[PDB]
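Naming convention: chains lettered A, B, ... in sequence-line order (proteins, then strands); numbering from 1 in each chain. These values consider heavy atoms only, across backbone and side chains, with no hydrogens, waters or symmetry-generated copies. Whatever order the structure lists ligands and atoms in, that order sets their numbers, starting from 1.
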Amino acid sequence: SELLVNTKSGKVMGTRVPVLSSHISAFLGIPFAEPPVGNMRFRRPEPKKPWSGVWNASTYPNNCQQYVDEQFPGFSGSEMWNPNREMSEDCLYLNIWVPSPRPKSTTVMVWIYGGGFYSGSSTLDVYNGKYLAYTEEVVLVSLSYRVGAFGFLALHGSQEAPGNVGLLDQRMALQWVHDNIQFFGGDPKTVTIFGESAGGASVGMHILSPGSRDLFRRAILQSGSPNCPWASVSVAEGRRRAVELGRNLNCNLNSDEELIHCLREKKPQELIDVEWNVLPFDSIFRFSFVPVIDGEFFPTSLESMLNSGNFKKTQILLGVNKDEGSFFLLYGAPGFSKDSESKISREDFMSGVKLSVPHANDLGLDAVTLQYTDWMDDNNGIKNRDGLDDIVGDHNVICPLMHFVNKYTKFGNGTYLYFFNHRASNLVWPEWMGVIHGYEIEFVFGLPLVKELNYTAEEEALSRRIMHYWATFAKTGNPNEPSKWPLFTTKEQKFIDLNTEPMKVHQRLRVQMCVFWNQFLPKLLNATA
Amino acid sequence: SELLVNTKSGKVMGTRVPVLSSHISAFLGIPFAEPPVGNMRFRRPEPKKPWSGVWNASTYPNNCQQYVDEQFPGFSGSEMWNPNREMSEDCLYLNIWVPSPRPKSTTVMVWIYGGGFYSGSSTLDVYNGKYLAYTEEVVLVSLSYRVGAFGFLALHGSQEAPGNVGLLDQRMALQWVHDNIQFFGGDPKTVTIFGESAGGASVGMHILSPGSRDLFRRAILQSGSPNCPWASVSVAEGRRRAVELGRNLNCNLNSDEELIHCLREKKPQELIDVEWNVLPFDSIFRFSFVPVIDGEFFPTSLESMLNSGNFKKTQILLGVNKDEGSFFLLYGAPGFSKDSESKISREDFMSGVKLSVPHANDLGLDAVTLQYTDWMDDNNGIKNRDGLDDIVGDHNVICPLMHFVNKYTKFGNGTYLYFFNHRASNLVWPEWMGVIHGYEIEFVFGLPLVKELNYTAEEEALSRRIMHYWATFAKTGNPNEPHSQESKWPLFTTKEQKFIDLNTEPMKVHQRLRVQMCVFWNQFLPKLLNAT
Ligand SMILES: *[C@@H]1O[C@H](CO)[C@@H](O)[C@H](O)[C@H]1NC(C)=O
Ligand SMILES: *[C@@H]1O[C@H](CO)[C@@H](O)[C@H](O)[C@H]1NC(C)=O
Ligand SMILES: *[C@@H]1O[C@H](CO)[C@@H](O)[C@H](O)[C@H]1NC(C)=O
Ligand SMILES: *[C@@H]1O[C@H](CO)[C@@H](O)[C@H](O)[C@H]1NC(C)=O
Ligand SMILES: [Cl-]
Ligand SMILES: [Cl-]
């Protein structure tokens, strides 16, 4: 049968599903690992033992145990990112959408959800892969991985909680694709991994890791890069946060073994309840348990790997959204609200930059402040608001990504950069938030093609060209089918705008601010902090 | 006789001179101190001992011994600033222009020339005071003071070379005015001191120094203020440069006494030929012998006095020119030429910032560079030229002055700020230089009123309103003539921070003169360099 597939670990039965007055095959909740429960908590994933009989793959799997956002109850803007299935530690599964009829060795795209490494689910409505797999004729896979302490508690030296297991979960799903995608009509040789934010940073990390390099052909990074300030920690910081987590739960701290044993006895929700208490500063856009630079998954520091060219050489397509920081200001900075224009006073501004650049000393805060304040109108609440918004986005997403793109292009085989700046006409968030972090996703997945979602015809057109750019790039390493999307080069540094208007080519995306964040501030902090 | 005046030191005989179809009385080269020669070189000035007979005051006196610029031989643009009279150490004289018929108790304005404290002369053509004295009916006085090592060699502790003697020369000229100006029809109670650049810094220093405060009513500072990075040095730096001077002349450096004695036996030109070698680093807009914070002429640090309000509280009128730094880039930075557009390559821009900010460490240099570079277009030679121009002007003149104006206004009794940005039609310098340092002076002195000079009619009008603002301010403490139809120059207040543009176009009021850059220069950079 078309829905009955035999994989190297057993048989699986999919389901024919509707998609734009038609149908395609979908295999939901396929296990690619053994359930990480009990003694398995905090440990590297183990290949899923082969089962007999037919695995029912007609419904979405559980979502991993995670912090759940309750800020705005009932609000669709925030609720659309929360788990839409039961949460469980038994969550390592993948989903696959296959064109119907089943293609012959077609391009494979593997989605990696974001969520700051503390959240995310593969089953969200916006991650439904039926529109993209169908419209672009590609086999679309969405994997999952452990988040929060469950996937990143790091006690370097130990083998019970080595850290980065969430990345290893991802790597194993990729290994599973490499080994089984051919039975679904996919070409294990032409696999493209792509993800947004933590997903984008994850993609970048696999590009840098020797152990992941041969598990994919090309990469797409959306609003995230491996070198982001919030994307990783040192082994030492990882350890203190782990110890602090144990302290918060009255754990025995005499040894890694005792701490770990103690933590394995706690119910998932107990860990999660205190997760945020281990952060070293009052801050925004900073998450507790993230990847650690251990010398194993990552040979050396991320920077040295970028400089020496020690990473996978291939084609990459990446970009950022216009207003990456608004979401985090709304949730953690004083003066911001979802129901007002959020004019920011001078005082709140100062509090805001402190929260945005937690690691900075006073001279560093003055530099940031000076770089983003218009002293001919320092009491303009709109400028103060937009100024803060730029600080968070530049420092956390845009500039770290530009640093990555420039380093990568020295050795890469092709870079395509984009700047997504279209504010969806049906957004439920306030205007001041602008082009929000993560909202380019619905366009990549083709949600504007379903009429009941009330998108405009130009938005549906944009989505189609984005999907086509993404899929064409995945198939050939070039988003253009022989308005050309310029190749980003060390010399020209061209990039395109991604919106409803005709394609425009620009150069040096926010170069002034990125010189500040990538070269000046770091130098100032190393010489005075 | 209108030309025969008897002063507290003896009789003086002036001369009648032509001025715009009329006539005015002038007393040139009136001595106000004893000749600072021989054993008196480096010493505080001493009152001119009384003379008998009539002192012929019909010609300009000698100019003090100073470095002479020979960069462009024959070029009027630079030569107009060089000594136009023989140089001598015997140079403490003043000049006076008195309206005819002689006023009864009229306003007095005392000019203090600039020249980085290493040059200047009260006898230049641009300082001819007959036009302003005649046009605004004021008694105009131009004084002089020792410059270079002669006026600022400083060996703290010593009484032979105390330092700041050039500032003391100025004070003595002021004391002379206070005691004798009434004999020329001037009011000792209503004297206004004004000077440009080093002269501007001097004016602000007399406002700061307790011993100078009672010698004048108010002040005008043009393109210069006391807190400028080049206007003063610490006792230590002063001593180091004095010793380094002797070293350059193979002097006995065992004691200030011998060092001084050695230096006193050298010919003037000998000291001048080595003057520049004592500077700490390669730089632009830095001069060897300038005032020193001695705890005497200046009770404490300039910054502390400004914060405490420890200074003369009165009315001040001050301002700057749009392109203060071009002159100095031309003379000492690579890539600049008076015969080309002077487009600067990124390489020379970098060299330029180091020269311009000599005391800054690498981190400081990077902050300056980032602050004045448009990274979307870093090879645009024009943007680099203008960026460097702005750096020099902002660091050395504009921002130090804004710092001063804001501090002073917290305690002052009225502040008026201007931004001079008119490029003279007959300027011999290249256009890239814009509104050059010191070229607002010719407007202040009414040169545009003399037709053979070929200024435009609009420039004559600008000069007349500038002279009127200046004189009306000196007379009343307000540049504006009460209830008049003409636009009004608003008071600069700590809150609104208003100022006006001074050019041939109708007045425009603005706020926060270059706040962005001055926040960087006055607050951020100092903290960055102080860090470590
Ligand atoms: C798979 O499980 C779902 C229940 O979640 C059920 O409705 C469906 O019939 C099952 N498929 C088969 C044939 O077992
Ligand atoms: C990619 O590699 C091929 C093969 O060496 C080379 O010819 C091509 O120029 C490269 N493309 C880029 C943009 O680096
Ligand atoms: C004063 O000096 C001038 C300049 O030489 C001369 O013309 C004039 O006759 C002199 N007056 C007397 C009384 O000597
Ligand atoms: C100057 O001082 C007088 C009284 O001494 C005061 O009335 C006046 O308001 C002051 N002027 C300004 C502008 O500060
Ligand atoms: Cl549908
Ligand atoms: Cl004349």
- Note on the structure: For A:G412, the ligand 2 atoms with a heavy-atom partner under 4.0 Å come out as 14 (O)
- Task: Please state whether the rings of A:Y416 and A:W485 are parallel, tilted or perpendicular, taking 30° and 60° as the class boundaries.
- Result: perpendicular
- In a check of side-chain hydrogen bond (donor to acceptor under 3.5 Å, both in side chains) between A:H422 and each of A:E458, A:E440, A:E459, which one passes? A:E459
- Check ligand 2 against A:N413 and write out every atom of the ligand that is under 4.0 Å from a heavy-atom position of the residue. 1 (C), 2 (O), 3 (C), 8 (C), 10 (C), 11 (N), 12 (C), 13 (C), 14 (O)
- Task: Decide, yes or no, whether a salt bridge links A:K504 with A:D497 under the criterion of side-chain N to carboxylate O below 4.0 Å.
- Result: no
- Query: Would A:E460 and A:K451 pass as an ion pair if we require N to O under 4.0 Å?
  - Reply: yes
- Query: Can a salt bridge be assigned to the pair A:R44 and A:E296 using a cut-off of 4.0 Å between side-chain N and carboxylate O?
  - Reply: yes
- Message: Centre-to-centre under 6.0 Å for A:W429 and A:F75, is that the case here?
- Response: yes
- Message: If you count heavy atoms of other groups shown closer than 6.0 angstrom to CD of B:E347, is the number above 12?
- Response: no
- Atom-level proximity to ligand 1, residues with heavy atom under 4.0 Å: A:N56, A:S58, A:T59
